[PDB]
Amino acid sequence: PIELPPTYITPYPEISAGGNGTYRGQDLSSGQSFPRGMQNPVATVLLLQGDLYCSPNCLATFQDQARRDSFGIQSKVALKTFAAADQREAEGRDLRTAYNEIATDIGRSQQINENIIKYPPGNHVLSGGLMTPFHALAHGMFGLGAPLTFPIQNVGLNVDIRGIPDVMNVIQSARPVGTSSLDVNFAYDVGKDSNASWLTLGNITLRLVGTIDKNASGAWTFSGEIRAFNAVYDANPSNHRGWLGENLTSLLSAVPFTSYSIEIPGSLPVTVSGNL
């Protein structure tokens, strides 16, 4: 979720409200390629495939597409579409709508090539929803190295302090009846809480900040926040062979990539307690 600041500045400026210029590229020679009233077929397909792509059949479906054209124009455009879509979700928009809006606009394009949809490397943000992992994947190939945000609130963390022994190690160490600073960082396998996000972040470093408070004997209440150190997306497709599978991984390793910095801002407030 996460609202996003009033002046965020989308990477896909609206141009003219509705979708019209928003996504999709420049022209060439010469407004031909196919009859002029006809919807761009690549868009037609995308539209035909929305029920699968905007669902938990997304990966299987995409996998099949990639195989069918060897990561060709259709495959690429769909991928760039997923990104735009996931972006819009992160700007608080129903994904499936956003998608159709995007597919519609590609539909107006008179060309048939891999760039009939723009990928502005700009200021991307990951929703943490369904197409997030593809958004990251997309970014590795098209993003030209330019780092992107993945707000901590969108990762799907759910951190129980009480079951990281290293933290609990620190909490339980000589103390007074009032304050005492806690600022420990620690490894954390986003997979404990989310696999979708783990596909994009693996292990990250989290940081816990606050104080604890002792009473009668006894128990104690740590309240404070968790925060995350920026991660590094490894664009090398051999690093996604788990998730993408042989065929796509192979295809994707002809295509060039640049790794990028994933910034992970925000606080995740946390309160907790334990005892002797």
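Just count from 1 along the sequence shown to find any residue number.
Asks: Quick one: say whether 110 to 118 or 168 to 176 has the higher mean Cα B-factor in the deposited entry.
Replies: Taking the mean B-factor of the alpha carbons in each, 168 to 176 is higher.
Asks: Report the stretch with the higher mean CA temperature factor, choosing between 16 to 24 and 248 to 256 on the basis of the entry.
Replies: Per the PDB record, 16 to 24.
Asks: Would you mind finding, among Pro35, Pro56, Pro41, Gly242, the residue with the largest C-alpha temperature factor in the entry?
Replies: Reading the PDB entry, the winner on C-alpha B-factor is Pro35.
Asks: From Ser70, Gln63, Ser238, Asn215, can you pick the one with the highest C-alpha B factor in the entry?
Replies: The C-alpha B-factor peaks, among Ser70, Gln63, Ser238, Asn215, at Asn215.
Asks: Within this chain's modelled residues, let me know which third the CA B factor of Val77 belongs to: lowest, middle or highest.
Replies: For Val77, whose C-alpha B-factor we compare with every modelled residue in the chain, the answer is the lowest third.
Asks: Among the modelled residues of its chain, does the C-alpha B-factor of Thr221 lie in the lowest, middle or highest third?
Replies: Highest third - that is where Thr221 ends up once the chain's C-alpha B-factors are sorted.
Asks: Please place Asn195 in the lowest, middle or highest third of its chain by C-alpha B factor as given in the entry.
Replies: Tercile = lowest for this residue's CA B-factor.
Asks: For the chain shown, is the CA B-factor of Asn230 in the lowest, middle or highest third of its modelled residues?
Replies: Middle third of the chain for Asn230's C-alpha B-factor.
Asks: For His139, return the chain-relative third of its C-alpha B-factor as stated in the PDB record: lowest, middle or highest.
Replies: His139: CA B-factor falls in the lowest third of its chain.
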